[PDB]
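S.K.: Sending over protein28.txt (compact mmCIF, C-alpha atoms and all ligand atoms).
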# COMPACT_ATOMS: atom_id res chain seq x y z
CA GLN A 1 30.94 -29.32 9.46
CA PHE A 2 34.61 -29.60 10.45
CA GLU A 3 37.48 -31.07 8.45
CA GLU A 4 39.76 -33.60 10.13
CA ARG A 5 42.96 -32.38 8.47
CA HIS A 6 42.78 -28.85 9.91
CA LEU A 7 42.26 -30.04 13.50
CA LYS A 8 45.57 -30.08 15.56
CA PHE A 9 45.79 -31.71 18.99
CA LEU A 10 47.29 -29.63 21.80
CA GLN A 11 46.50 -31.13 25.20
CA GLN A 12 44.09 -33.46 26.99
CA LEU A 13 41.50 -31.73 29.17
CA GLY A 14 39.57 -34.60 30.70
CA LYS A 15 39.02 -38.32 30.56
CA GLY A 16 35.83 -40.14 31.43
CA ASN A 17 35.05 -43.82 31.47
CA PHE A 18 34.19 -43.95 27.75
CA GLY A 19 35.26 -40.61 26.24
CA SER A 20 37.97 -38.00 26.54
CA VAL A 21 38.04 -34.28 25.75
CA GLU A 22 41.02 -32.65 24.03
CA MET A 23 42.11 -29.06 23.54
CA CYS A 24 42.71 -28.55 19.80
CA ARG A 25 43.33 -25.82 17.23
CA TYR A 26 40.97 -25.63 14.26
CA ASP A 27 42.74 -23.88 11.40
CA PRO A 28 40.89 -23.73 8.10
CA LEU A 29 43.24 -20.98 6.82
CA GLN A 30 46.29 -23.17 7.65
CA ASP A 31 47.89 -20.09 9.27
CA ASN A 32 47.61 -21.33 12.90
CA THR A 33 45.31 -18.33 13.47
CA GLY A 34 42.23 -20.44 14.10
CA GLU A 35 40.10 -20.78 17.20
CA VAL A 36 41.04 -23.20 19.97
CA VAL A 37 38.23 -25.71 20.49
CA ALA A 38 37.36 -28.61 22.76
CA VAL A 39 37.01 -31.98 21.07
CA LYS A 40 35.28 -35.03 22.54
CA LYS A 41 36.13 -38.47 21.16
CA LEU A 42 35.53 -42.07 22.17
CA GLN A 43 38.26 -44.13 23.81
CA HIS A 44 36.84 -47.32 22.23
CA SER A 45 34.73 -46.89 19.09
CA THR A 46 32.50 -49.94 19.46
CA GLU A 47 29.03 -50.10 17.91
CA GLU A 48 27.39 -49.57 21.30
CA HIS A 49 29.59 -46.63 22.29
CA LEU A 50 29.23 -44.97 18.88
CA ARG A 51 25.43 -45.22 18.98
CA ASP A 52 25.46 -43.64 22.45
CA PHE A 53 27.85 -40.90 21.33
CA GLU A 54 25.66 -40.08 18.32
CA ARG A 55 22.65 -39.53 20.58
CA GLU A 56 24.78 -37.43 22.96
CA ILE A 57 25.82 -35.24 20.03
CA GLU A 58 22.18 -34.90 18.97
CA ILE A 59 21.30 -33.92 22.54
CA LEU A 60 23.94 -31.19 22.79
CA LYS A 61 23.17 -29.75 19.35
CA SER A 62 19.52 -29.36 20.38
CA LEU A 63 20.53 -27.27 23.44
CA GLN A 64 21.05 -23.49 23.28
CA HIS A 65 21.48 -21.87 26.69
CA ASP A 66 23.88 -19.45 28.38
CA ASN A 67 24.73 -22.13 30.96
CA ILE A 68 25.16 -25.09 28.60
CA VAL A 69 28.46 -25.62 26.79
CA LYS A 70 28.17 -24.53 23.15
CA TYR A 71 27.96 -27.18 20.45
CA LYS A 72 29.98 -26.19 17.37
CA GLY A 73 29.97 -29.16 15.00
CA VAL A 74 31.05 -32.72 14.32
CA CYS A 75 34.15 -34.12 12.66
CA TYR A 76 34.85 -37.47 11.00
CA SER A 77 36.89 -39.05 8.22
CA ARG A 78 35.99 -43.55 9.04
CA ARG A 79 34.68 -44.42 12.51
CA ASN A 80 36.38 -41.34 14.03
CA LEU A 81 33.28 -39.40 15.09
CA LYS A 82 34.31 -36.39 17.16
CA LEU A 83 32.23 -33.66 18.82
CA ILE A 84 33.49 -30.07 18.55
CA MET A 85 32.54 -27.60 21.28
CA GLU A 86 33.60 -24.21 22.63
CA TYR A 87 36.73 -24.31 24.80
CA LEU A 88 36.24 -23.05 28.37
CA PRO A 89 39.71 -22.23 29.71
CA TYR A 90 39.08 -22.32 33.46
CA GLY A 91 38.20 -26.02 33.23
CA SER A 92 35.92 -27.84 35.63
CA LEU A 93 34.36 -26.06 38.60
CA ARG A 94 36.17 -28.62 40.81
CA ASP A 95 39.60 -27.41 39.77
CA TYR A 96 38.50 -23.78 39.68
CA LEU A 97 36.93 -23.76 43.13
CA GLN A 98 39.88 -25.64 44.63
CA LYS A 99 42.35 -23.11 43.22
CA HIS A 100 40.34 -19.98 44.04
CA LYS A 101 38.32 -20.93 47.14
CA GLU A 102 39.62 -18.14 49.39
CA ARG A 103 38.33 -15.63 46.80
CA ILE A 104 34.91 -17.23 46.20
CA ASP A 105 32.37 -15.97 48.74
CA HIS A 106 28.91 -17.47 49.33
CA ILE A 107 27.24 -14.86 47.10
CA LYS A 108 29.45 -16.07 44.24
CA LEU A 109 28.68 -19.73 45.03
CA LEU A 110 24.98 -18.87 44.78
CA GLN A 111 25.63 -17.18 41.44
CA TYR A 112 27.02 -20.47 40.16
CA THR A 113 24.16 -22.36 41.83
CA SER A 114 21.57 -20.18 40.10
CA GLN A 115 23.22 -20.72 36.71
CA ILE A 116 23.28 -24.51 37.15
CA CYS A 117 19.63 -24.43 38.21
CA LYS A 118 18.58 -22.47 35.14
CA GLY A 119 20.51 -24.77 32.82
CA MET A 120 18.72 -27.73 34.40
CA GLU A 121 15.35 -25.98 34.17
CA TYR A 122 16.07 -25.59 30.46
CA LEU A 123 17.03 -29.28 30.12
CA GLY A 124 13.73 -30.21 31.76
CA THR A 125 11.78 -28.32 29.09
CA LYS A 126 13.20 -30.80 26.54
CA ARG A 127 12.42 -33.79 28.83
CA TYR A 128 16.13 -34.59 29.14
CA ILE A 129 17.52 -36.24 32.29
CA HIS A 130 21.17 -35.38 32.91
CA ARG A 131 21.90 -38.38 35.22
CA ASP A 132 25.37 -37.09 36.21
CA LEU A 133 24.91 -33.67 37.84
CA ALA A 134 28.11 -33.13 39.85
CA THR A 135 30.75 -30.43 39.99
CA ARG A 136 33.04 -32.62 37.86
CA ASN A 137 30.62 -31.97 34.96
CA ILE A 138 30.33 -28.18 35.40
CA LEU A 139 32.80 -25.96 33.53
CA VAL A 140 33.92 -22.39 34.22
CA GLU A 141 34.07 -19.88 31.39
CA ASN A 142 34.96 -16.81 33.48
CA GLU A 143 34.64 -15.73 37.10
CA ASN A 144 30.96 -14.86 36.50
CA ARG A 145 29.77 -17.79 34.40
CA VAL A 146 29.62 -21.56 34.60
CA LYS A 147 28.13 -24.04 32.12
CA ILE A 148 26.99 -27.65 32.31
CA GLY A 149 29.86 -29.18 30.42
CA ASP A 150 29.18 -32.86 29.76
CA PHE A 151 26.10 -34.85 28.71
CA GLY A 152 27.60 -38.33 28.30
CA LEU A 153 24.92 -39.97 30.46
CA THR A 154 21.98 -37.75 29.46
CA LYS A 155 18.78 -39.56 28.43
CA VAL A 156 15.62 -38.45 26.65
CA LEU A 157 12.50 -39.42 28.57
CA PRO A 158 10.17 -41.87 26.78
CA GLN A 159 6.74 -40.66 25.81
CA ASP A 160 4.81 -43.03 28.11
CA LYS A 161 6.63 -42.23 31.40
CA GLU A 162 8.19 -39.45 33.47
CA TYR A 163 11.36 -41.64 34.18
CA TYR A 164 14.00 -43.59 32.29
CA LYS A 165 15.03 -46.99 33.63
CA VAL A 166 18.68 -47.65 32.77
CA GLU A 167 29.69 -48.28 37.10
CA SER A 168 27.58 -45.50 38.60
CA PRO A 169 28.41 -42.38 40.68
CA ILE A 170 26.40 -43.83 43.54
CA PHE A 171 27.15 -41.09 46.08
CA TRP A 172 25.24 -38.61 43.90
CA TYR A 173 22.28 -40.97 43.22
CA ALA A 174 18.74 -40.65 44.52
CA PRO A 175 17.52 -43.72 46.46
CA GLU A 176 15.19 -44.82 43.64
CA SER A 177 18.11 -44.63 41.20
CA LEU A 178 20.05 -46.89 43.56
CA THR A 179 17.17 -49.32 44.09
CA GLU A 180 15.16 -49.19 40.86
CA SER A 181 17.67 -47.70 38.35
CA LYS A 182 14.98 -45.07 37.75
CA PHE A 183 16.11 -41.62 36.60
CA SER A 184 13.86 -38.58 36.40
CA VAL A 185 13.85 -34.81 36.82
CA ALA A 186 13.40 -35.55 40.51
CA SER A 187 16.56 -37.67 40.67
CA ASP A 188 18.41 -34.81 38.96
CA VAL A 189 17.07 -32.56 41.75
CA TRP A 190 18.49 -34.98 44.32
CA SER A 191 21.87 -34.82 42.60
CA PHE A 192 21.63 -31.02 42.48
CA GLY A 193 21.40 -31.08 46.27
CA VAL A 194 24.69 -32.96 46.32
CA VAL A 195 26.17 -30.35 43.95
CA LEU A 196 25.10 -27.65 46.40
CA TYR A 197 26.85 -29.57 49.17
CA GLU A 198 29.99 -29.84 47.00
CA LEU A 199 30.02 -26.09 46.41
CA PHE A 200 29.61 -25.14 50.04
CA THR A 201 32.37 -27.54 51.13
CA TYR A 202 34.55 -25.86 48.47
CA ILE A 203 35.25 -29.30 46.91
CA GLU A 204 37.38 -30.28 49.91
CA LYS A 205 38.18 -33.97 49.34
CA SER A 206 38.00 -34.99 53.02
CA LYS A 207 34.45 -33.60 53.07
CA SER A 208 33.42 -35.01 49.70
CA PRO A 209 30.21 -37.08 49.47
CA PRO A 210 32.15 -40.37 49.09
CA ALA A 211 34.38 -39.64 52.10
CA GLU A 212 31.43 -38.58 54.27
CA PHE A 213 29.22 -41.50 53.27
CA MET A 214 31.98 -44.06 53.75
CA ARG A 215 32.66 -42.77 57.27
CA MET A 216 28.94 -43.11 58.00
CA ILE A 217 28.82 -46.63 56.50
CA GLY A 218 32.20 -48.19 57.42
CA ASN A 219 35.29 -48.52 55.25
CA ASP A 220 35.29 -52.33 55.51
CA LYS A 221 32.64 -52.41 52.77
CA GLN A 222 33.49 -52.68 49.10
CA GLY A 223 31.51 -52.61 45.88
CA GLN A 224 28.03 -54.09 46.31
CA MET A 225 27.75 -53.79 50.09
CA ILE A 226 28.63 -50.11 49.86
CA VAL A 227 25.47 -49.69 47.77
CA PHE A 228 23.43 -51.81 50.19
CA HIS A 229 24.56 -49.82 53.22
CA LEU A 230 24.12 -46.51 51.40
CA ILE A 231 20.52 -47.50 50.58
CA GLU A 232 19.85 -48.45 54.20
CA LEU A 233 21.46 -45.22 55.41
CA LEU A 234 19.35 -43.03 53.13
CA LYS A 235 16.16 -44.97 53.90
CA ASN A 236 16.84 -44.21 57.59
CA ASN A 237 17.21 -40.48 56.80
CA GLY A 238 20.98 -40.35 57.17
CA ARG A 239 22.23 -37.35 55.21
CA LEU A 240 25.38 -35.41 54.47
CA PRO A 241 26.02 -32.81 57.19
CA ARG A 242 25.68 -29.05 56.97
CA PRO A 243 29.03 -27.77 55.61
CA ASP A 244 31.01 -25.38 57.80
CA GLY A 245 29.94 -21.80 57.22
CA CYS A 246 26.91 -22.83 55.18
CA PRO A 247 23.78 -20.75 55.89
CA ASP A 248 20.97 -22.78 57.40
CA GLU A 249 18.55 -21.76 54.64
CA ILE A 250 20.97 -23.12 52.04
CA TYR A 251 21.34 -26.39 53.95
CA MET A 252 17.54 -26.50 54.14
CA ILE A 253 17.41 -26.42 50.33
CA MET A 254 19.86 -29.33 50.22
CA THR A 255 17.71 -31.37 52.58
CA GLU A 256 14.53 -30.66 50.58
CA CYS A 257 16.30 -31.92 47.45
CA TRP A 258 17.26 -35.06 49.43
CA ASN A 259 13.68 -36.10 50.27
CA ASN A 260 13.10 -39.86 50.08
CA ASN A 261 9.62 -39.08 48.71
CA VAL A 262 10.20 -38.25 45.05
CA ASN A 263 7.03 -36.13 44.89
CA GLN A 264 8.23 -33.88 47.73
CA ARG A 265 11.41 -32.68 45.99
CA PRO A 266 11.34 -29.13 44.60
CA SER A 267 11.37 -28.16 40.95
CA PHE A 268 14.37 -26.51 39.33
CA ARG A 269 12.25 -23.43 38.59
CA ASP A 270 11.44 -23.10 42.28
CA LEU A 271 15.08 -23.72 43.21
CA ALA A 272 16.30 -20.97 40.88
CA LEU A 273 13.79 -18.48 42.30
CA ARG A 274 14.67 -19.32 45.91
CA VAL A 275 18.43 -19.25 45.29
CA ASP A 276 18.09 -15.90 43.50
CA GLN A 277 16.07 -14.52 46.41
CA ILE A 278 18.60 -15.75 48.98
CA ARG A 279 21.51 -14.33 46.97
CA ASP A 280 19.83 -10.93 46.62
CA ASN A 281 19.01 -10.85 50.34
CA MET A 282 22.56 -11.81 51.28
CA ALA A 283 24.04 -9.12 49.02
CA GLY A 284 22.00 -6.43 50.76
CA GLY A 285 18.41 -6.62 49.55
CA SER A 286 17.51 -7.84 53.03
CA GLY A 287 20.89 -7.81 54.81
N1 LIG B 301 32.42 -31.00 32.09
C1 LIG B 301 33.02 -31.97 32.14
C2 LIG B 301 33.79 -33.19 32.30
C3 LIG B 301 34.35 -33.63 30.94
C4 LIG B 301 35.12 -34.92 31.17
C5 LIG B 301 34.12 -36.03 31.55
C6 LIG B 301 34.01 -37.03 30.32
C7 LIG B 301 34.94 -36.40 29.19
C8 LIG B 301 35.82 -35.39 29.89
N2 LIG B 301 35.25 -32.53 30.54
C9 LIG B 301 34.94 -31.52 29.70
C10 LIG B 301 36.04 -30.70 29.64
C11 LIG B 301 36.12 -29.43 28.87
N3 LIG B 301 37.07 -28.61 29.30
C12 LIG B 301 37.18 -27.41 28.67
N4 LIG B 301 36.42 -26.94 27.70
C13 LIG B 301 35.44 -27.76 27.27
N5 LIG B 301 34.51 -27.58 26.31
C14 LIG B 301 33.73 -28.68 26.24
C15 LIG B 301 34.17 -29.57 27.19
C16 LIG B 301 35.25 -28.99 27.83
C17 LIG B 301 36.99 -31.18 30.50
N6 LIG B 301 36.52 -32.29 31.06
Take the structure from the file and write it as structure tokens.
Ligand SMILES: N#CC[C@H](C1CCCC1)n1cc(-c2ncnc3[nH]ccc23)cn1
M.R.:
Amino acid sequence: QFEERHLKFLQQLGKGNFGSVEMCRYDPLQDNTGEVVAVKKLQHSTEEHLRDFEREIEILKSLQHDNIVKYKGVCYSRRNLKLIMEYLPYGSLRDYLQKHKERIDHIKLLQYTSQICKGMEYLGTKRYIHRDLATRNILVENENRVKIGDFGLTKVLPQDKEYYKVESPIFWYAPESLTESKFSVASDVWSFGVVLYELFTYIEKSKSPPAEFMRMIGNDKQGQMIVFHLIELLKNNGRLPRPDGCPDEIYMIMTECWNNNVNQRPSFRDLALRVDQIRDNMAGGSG
């Protein structure tokens, strides 16, 4: 779809563990008048990583939703597969919320929450598991609209099961992901609860899930024993605390998402409805 020669690098936007995203100018008219785009490429183009990247591209191209970053096309010349997507200039929600927190009230946080929920509801209709729902993977287009911005870990559920068994962001993981490496819509709901916690702490680093969990566990632990003591903590119903200023009903949603019983966690459809109702009530539909 895109031609390598016209694409001009401008600046790096983000770097993951296997890919990076660049800000580039696509200029088919060679007049520098072309659109600025975001370009994802692999750091190391091994056979494994390229096969994974191809499926990620297929996943994004199949998604069309207001709250999912827009696929544009692919670009290659010989092993230089790149994914072209719409550029969102406010960057990740983490940076945005940090910079603008004093101006972002709870009604606005719930607007972002609702948009994330509806994007995930849409993902569920395709039987996709995101596996990395966290504010680092949410992008901001404008002050009224966020989009799920990265799908590098997203899996398609197999046809015989409602879960996929597969360096992990352990402080966002459901207990069965930690113990059984099992990922499902329900483990995405668990991670969504952590996202809600991130939003209502305004991405303060001292209150981040890793900082909170390590204080609860003990900083003497490293690597494997961190995971062990996190599992024991969650099994014993230890949970992240209610953020300062967070309404109790919003914390209650977090804690329902963090149920150890997978079957007890809410659906994204129900989360979107409840968040929308809370937001409307807070804005003056109930006071
Ligand atoms: N979301 C998310 C995180 C993702 C990083 C995580 C792995 C590659 C980079 N990332 C995407 C961007 C980005 N920024 C601005 N516009 C964009 N469009 C598509 C991705 C994108 C920046 N970092």
S.K.: Enumerate as a PyMOL selection string the residues within 8 Å of ligand LIG 301 (chain B), counting all atoms listed in the file.
M.R.: chain A and resi 13-23+37-40+69-70+84-92+136-139+148-150+152
S.K.: Please put the answer as lines of an AutoDock Vina configuration file: centre and edge lengths, in Å with one decimal, of a box along x, y and z that encloses all listed atoms of segment 67-70 of chain A plus 5 Å on each side.
M.R.:
center_x = 26.6
center_y = -23.9
center_z = 27.1
size_x = 13.7
size_y = 13.5
size_z = 17.8
S.K.: Give me, please, the distance in Å between atom CA of residue 155 of chain A and atom CA of residue 237 of chain A, quoted to one decimal.
M.R.: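 Distance between the two atoms: 28.4 Å.
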S.K.: For the point (28.3, -41.9, 43.2) in file coordinates, what residues are within 12 Å, counting all atoms listed in the file? Give the answer as a PyMOL selection string?
M.R.: chain A and resi 131-134+136+167-175+177-178+191+194-195+208-214+223+226-227+230
S.K.: Write the residues of the selection above to a file with C-alpha atoms, as a tab-separated table (two decimals), in the frame of the given file.
M.R.:
chain	number	residue	atom	x	y	z
A	131	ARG	CA	21.90	-38.38	35.22
A	132	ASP	CA	25.37	-37.09	36.21
A	133	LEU	CA	24.91	-33.67	37.84
A	134	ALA	CA	28.11	-33.13	39.85
A	136	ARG	CA	33.04	-32.62	37.86
A	167	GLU	CA	29.69	-48.28	37.10
A	168	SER	CA	27.58	-45.50	38.60
A	169	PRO	CA	28.41	-42.38	40.68
A	170	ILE	CA	26.40	-43.83	43.54
A	171	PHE	CA	27.15	-41.09	46.08
A	172	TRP	CA	25.24	-38.61	43.90
A	173	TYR	CA	22.28	-40.97	43.22
A	174	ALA	CA	18.74	-40.65	44.52
A	175	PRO	CA	17.52	-43.72	46.46
A	177	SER	CA	18.11	-44.63	41.20
A	178	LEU	CA	20.05	-46.89	43.56
A	191	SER	CA	21.87	-34.82	42.60
A	194	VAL	CA	24.69	-32.96	46.32
A	195	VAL	CA	26.17	-30.35	43.95
A	208	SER	CA	33.42	-35.01	49.70
A	209	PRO	CA	30.21	-37.08	49.47
A	210	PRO	CA	32.15	-40.37	49.09
A	211	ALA	CA	34.38	-39.64	52.10
A	212	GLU	CA	31.43	-38.58	54.27
A	213	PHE	CA	29.22	-41.50	53.27
A	214	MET	CA	31.98	-44.06	53.75
A	223	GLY	CA	31.51	-52.61	45.88
A	226	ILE	CA	28.63	-50.11	49.86
A	227	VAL	CA	25.47	-49.69	47.77
A	230	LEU	CA	24.12	-46.51	51.40
S.K.: Around the point (29.2, -18.6, 38.2), in the coordinates given by the file, pick out the residues reaching within 10 Å, counting all atoms listed in the file, and return them as an NGL selection string.
M.R.: :A and (67 or 93 or 104 or 107-116 or 139-147)
S.K.: Limited to C-alpha atoms, could you put the picked residues into a file as a PDB file, in the frame of the given file?
M.R.:
ATOM      1  CA  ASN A  67      24.730 -22.130  30.960  1.00  0.00           C
ATOM      2  CA  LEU A  93      34.360 -26.060  38.600  1.00  0.00           C
ATOM      3  CA  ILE A 104      34.910 -17.230  46.200  1.00  0.00           C
ATOM      4  CA  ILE A 107      27.240 -14.860  47.100  1.00  0.00           C
ATOM      5  CA  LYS A 108      29.450 -16.070  44.240  1.00  0.00           C
ATOM      6  CA  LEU A 109      28.680 -19.730  45.030  1.00  0.00           C
ATOM      7  CA  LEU A 110      24.980 -18.870  44.780  1.00  0.00           C
ATOM      8  CA  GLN A 111      25.630 -17.180  41.440  1.00  0.00           C
ATOM      9  CA  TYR A 112      27.020 -20.470  40.160  1.00  0.00           C
ATOM     10  CA  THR A 113      24.160 -22.360  41.830  1.00  0.00           C
ATOM     11  CA  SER A 114      21.570 -20.180  40.100  1.00  0.00           C
ATOM     12  CA  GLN A 115      23.220 -20.720  36.710  1.00  0.00           C
ATOM     13  CA  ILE A 116      23.280 -24.510  37.150  1.00  0.00           C
ATOM     14  CA  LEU A 139      32.800 -25.960  33.530  1.00  0.00           C
ATOM     15  CA  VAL A 140      33.920 -22.390  34.220  1.00  0.00           C
ATOM     16  CA  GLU A 141      34.070 -19.880  31.390  1.00  0.00           C
ATOM     17  CA  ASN A 142      34.960 -16.810  33.480  1.00  0.00           C
ATOM     18  CA  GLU A 143      34.640 -15.730  37.100  1.00  0.00           C
ATOM     19  CA  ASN A 144      30.960 -14.860  36.500  1.00  0.00           C
ATOM     20  CA  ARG A 145      29.770 -17.790  34.400  1.00  0.00           C
ATOM     21  CA  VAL A 146      29.620 -21.560  34.600  1.00  0.00           C
ATOM     22  CA  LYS A 147      28.130 -24.040  32.120  1.00  0.00           C
TER      23      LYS A 147
END
S.K.: Write out as a list in words which residues come within 12 Å of residue 124 of chain A when counting all atoms listed in the file, dropping same-chain ones fewer than 4 positions away.
M.R.: residues 63, 117, 118, 119, 120, 128, 129, 130, 154, 155, 156, 157, 162, 163, 184, 185, 186, 187, 188, 189, 267, 268 and 269 of chain A
S.K.: Ranking A:68, A:231, A:97, A:246 by minimum distance to residue 121 of chain A and counting only C-alpha atoms, which one comes first?
M.R.: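 Smallest separation from residue 121 of chain A among the options: A:68.
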S.K.: Between atom CA of residue 242 of chain A and atom CA of residue 202 of chain A, what is the distance, to one decimal in Å?
M.R.: 12.7 Å
S.K.: Mind giving me the straight-line distance from atom CA of residue 217 of chain A to atom CA of residue 233 of chain A in Å, one decimal?
M.R.: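 Computed distance, atom CA of residue 217 of chain A to atom CA of residue 233 of chain A, equals 7.6 Å.
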S.K.: What lies within 8 Å of residue 35 of chain A using all atoms listed in the file, ignoring chain neighbours under 4 positions off, as a PyMOL selection string?
M.R.: chain A and resi 25-27
S.K.: In terms of the shortest atom-to-atom distance over all atoms listed in the file, which of A:7, A:79, A:51, A:243 is closest to residue 198 of chain A?
M.R.: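 So, comparing all the options, the nearest one is A:243.
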S.K.: Smallest atom-to-atom distance to residue 55 of chain A: which of A:77, A:257, A:34, A:153, using all atoms listed in the file?
M.R.: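 Ranking A:77, A:257, A:34, A:153 by distance to residue 55 of chain A, first place goes to A:153.
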S.K.: For a quick check of understanding, using all atoms listed in the file, which of A:271, A:262, A:42, A:203 has the smallest distance to residue 135 of chain A?
M.R.: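 Using all atoms listed in the file, the shortest distance to residue 135 of chain A belongs to A:203.
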S.K.: Of the residues A:179, A:50, A:123, A:278, which is the one nearest to residue 248 of chain A, using only C-alpha atoms?
M.R.: A:278
S.K.: Missing atoms in segment 148-165 of chain A: can you complete it with N, CA, C and O atoms, as a short mmCIF file (atom, residue, chain, number, x, y, z; two decimals), in the frame of the given file?
M.R.:
data_model
loop_
_atom_site.label_atom_id
_atom_site.label_comp_id
_atom_site.auth_asym_id
_atom_site.auth_seq_id
_atom_site.Cartn_x
_atom_site.Cartn_y
_atom_site.Cartn_z
N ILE A 148 27.00 -26.19 32.29
CA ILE A 148 26.99 -27.65 32.31
C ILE A 148 27.81 -28.12 31.12
O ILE A 148 27.57 -27.72 29.97
N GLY A 149 28.81 -28.96 31.39
CA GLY A 149 29.86 -29.18 30.42
C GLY A 149 29.91 -30.56 29.79
O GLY A 149 30.63 -30.76 28.82
N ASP A 150 29.16 -31.52 30.32
CA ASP A 150 29.18 -32.86 29.76
C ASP A 150 27.79 -33.47 29.85
O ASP A 150 27.09 -33.27 30.85
N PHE A 151 27.41 -34.22 28.81
CA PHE A 151 26.10 -34.85 28.71
C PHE A 151 26.21 -36.33 28.35
O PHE A 151 25.28 -36.92 27.78
N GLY A 152 27.33 -36.96 28.71
CA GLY A 152 27.60 -38.33 28.30
C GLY A 152 26.62 -39.36 28.82
O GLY A 152 26.54 -40.46 28.26
N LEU A 153 25.91 -39.06 29.91
CA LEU A 153 24.92 -39.97 30.46
C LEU A 153 23.49 -39.49 30.25
O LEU A 153 22.55 -40.15 30.70
N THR A 154 23.30 -38.37 29.56
CA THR A 154 21.98 -37.75 29.46
C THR A 154 21.04 -38.62 28.63
O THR A 154 21.43 -39.16 27.60
N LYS A 155 19.80 -38.75 29.10
CA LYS A 155 18.78 -39.56 28.43
C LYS A 155 17.58 -38.70 28.09
O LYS A 155 17.27 -37.72 28.78
N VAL A 156 16.88 -39.07 27.01
CA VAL A 156 15.62 -38.45 26.65
C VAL A 156 14.49 -39.30 27.22
O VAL A 156 14.48 -40.52 27.02
N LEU A 157 13.57 -38.66 27.94
CA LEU A 157 12.50 -39.42 28.57
C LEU A 157 11.62 -40.06 27.50
O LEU A 157 11.37 -39.46 26.45
N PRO A 158 11.13 -41.28 27.72
CA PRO A 158 10.17 -41.87 26.78
C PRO A 158 8.82 -41.18 26.88
O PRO A 158 8.51 -40.47 27.83
N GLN A 159 7.99 -41.40 25.86
CA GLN A 159 6.74 -40.66 25.81
C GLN A 159 5.66 -41.23 26.73
O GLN A 159 4.68 -40.54 26.99
N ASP A 160 5.83 -42.45 27.24
CA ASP A 160 4.81 -43.03 28.11
C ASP A 160 5.13 -42.90 29.60
O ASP A 160 4.32 -43.36 30.41
N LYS A 161 6.26 -42.25 29.98
CA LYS A 161 6.63 -42.23 31.40
C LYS A 161 7.43 -40.98 31.76
O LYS A 161 7.97 -40.28 30.89
N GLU A 162 7.48 -40.64 33.01
CA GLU A 162 8.19 -39.45 33.47
C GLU A 162 9.57 -39.82 34.02
O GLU A 162 10.19 -39.03 34.73
N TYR A 163 10.07 -41.16 33.72
CA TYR A 163 11.36 -41.64 34.18
C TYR A 163 11.95 -42.54 33.10
O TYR A 163 11.23 -43.05 32.24
N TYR A 164 13.27 -42.70 33.17
CA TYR A 164 14.00 -43.59 32.29
C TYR A 164 14.61 -44.66 33.17
O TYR A 164 15.33 -44.32 34.11
N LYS A 165 14.34 -45.93 32.90
CA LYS A 165 15.03 -46.99 33.63
C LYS A 165 16.23 -47.47 32.83
O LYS A 165 16.09 -47.90 31.68
#
